[PDB]
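Enquirer: The structure's right below; bear with me while I get my questions together.
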Amino acid sequence: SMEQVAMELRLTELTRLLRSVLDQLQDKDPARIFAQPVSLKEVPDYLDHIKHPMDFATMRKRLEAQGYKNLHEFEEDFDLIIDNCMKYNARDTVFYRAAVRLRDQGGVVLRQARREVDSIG
């Protein structure tokens, strides 16, 4: 149908906007601490601590499959990156500190993304 096509175009355009959001958020992690999944070879007990792992490569796979239906779902995954790190790692670590900076700096980017998604429908 023409309606299913129009909906597919809306999803494609959301995917385009979220791809730009993801790029901007990932620039706020210049050390690449959140780039890839925590290695279960190197942290073999991680899943005993963290039940829903997340990282920027995993978000990118979901994005490219158009697997985000709205900005809320995308923010949920970004928040897991931050929140998983801040639980697993102690406050006095480079990991925790990197998450705090990513959270603080990403808030700005996400604030305007919310407006652009509401604005452009």
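Residues in the structure tokens are numbered from 1 in each chain, the chains being A, B, ... in the order shown, and ligands are numbered from 1 in the order shown.
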With DSSP run on the backbone, what are the alpha helix (DSSP H) residues within chain A? I'd like them as a PyMOL selection string.

Expert: chain A and resi 2-27+46-49+56-64+71-88+94-119

Enquirer: Counting only C-alpha atoms, what is within 6 Å of region 14-28 of chain A, bar same-chain residues fewer than 3 positions away, as a list in words?

Expert: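 My reading of the contact set: residues 11, 102 and 106 of chain A.
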
Enquirer: Based on the selection just made, write N, CA and C atoms of those residues as a PDB file, in the first residue's frame.

Expert:
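File written: again-v7.pdb
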```
ATOM      1  N   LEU A  11      10.263   5.954   8.725  1.00  0.00           N
ATOM      2  CA  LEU A  11      11.285   5.155   9.472  1.00  0.00           C
ATOM      3  C   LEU A  11      12.680   5.360   8.923  1.00  0.00           C
ATOM      4  N   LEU A 102      30.224  11.461  29.207  1.00  0.00           N
ATOM      5  CA  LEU A 102      29.321  11.083  28.062  1.00  0.00           C
ATOM      6  C   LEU A 102      27.873  11.409  28.344  1.00  0.00           C
ATOM      7  N   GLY A 106      26.197  14.291  26.250  1.00  0.00           N
ATOM      8  CA  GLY A 106      25.193  13.754  25.356  1.00  0.00           C
ATOM      9  C   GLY A 106      23.833  14.359  25.606  1.00  0.00           C
TER      10      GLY A 106
END
```

Enquirer: Point out the residue among A:94, A:31, A:7, A:85 with the least atom-to-atom distance to residue 49 (chain A), counting only C-alpha atoms.

Expert: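 For residue 49 (chain A), the nearest of the given residues is A:85.
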
Enquirer: Out of A:84, A:112, A:12, A:36, which residue has the shortest atom-to-atom distance to residue 67 (chain A) when counting only C-alpha atoms?

Expert: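 Looking at the shortest contact to residue 67 (chain A), the residue is A:12.
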
Enquirer: Give me, please, the distance in Å between CA of residue 116 (chain A) and CA of residue 71 (chain A), quoted to one decimal.

Expert: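 So the two atoms, CA of residue 116 (chain A) and CA of residue 71 (chain A), lie 10.2 Å apart.
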
Enquirer: Rank nothing, just name the residue among A:40, A:33, A:99, A:80 nearest to residue 53 (chain A), using only C-alpha atoms.

Expert: A:80

Enquirer: I'd like to know which of A:9, A:29, A:59, A:37 is closest to residue 97 (chain A), using only C-alpha atoms.

Expert: A:29

Enquirer: Show me, as a ChimeraX atom specification, the residues that have an atom within 12 Å of residue 72 (chain A) when counting only C-alpha atoms, minus same-chain residues fewer than 2 positions from it.

Expert: /A:14,18,68-70,74-79,110-111,113-114,117-118

Enquirer: For CA of residue 81 (chain A) and CA of residue 54 (chain A), quote the distance in Å rounded to one decimal.

Expert: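 Distance reported for this atom pair: 5.2 Å.
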
Enquirer: At what distance in Å, to one decimal, does CA of residue 82 (chain A) lie from CA of residue 55 (chain A)?

Expert: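 Answer for the CA of residue 55 (chain A) to CA of residue 82 (chain A) separation: 9.2 Å.
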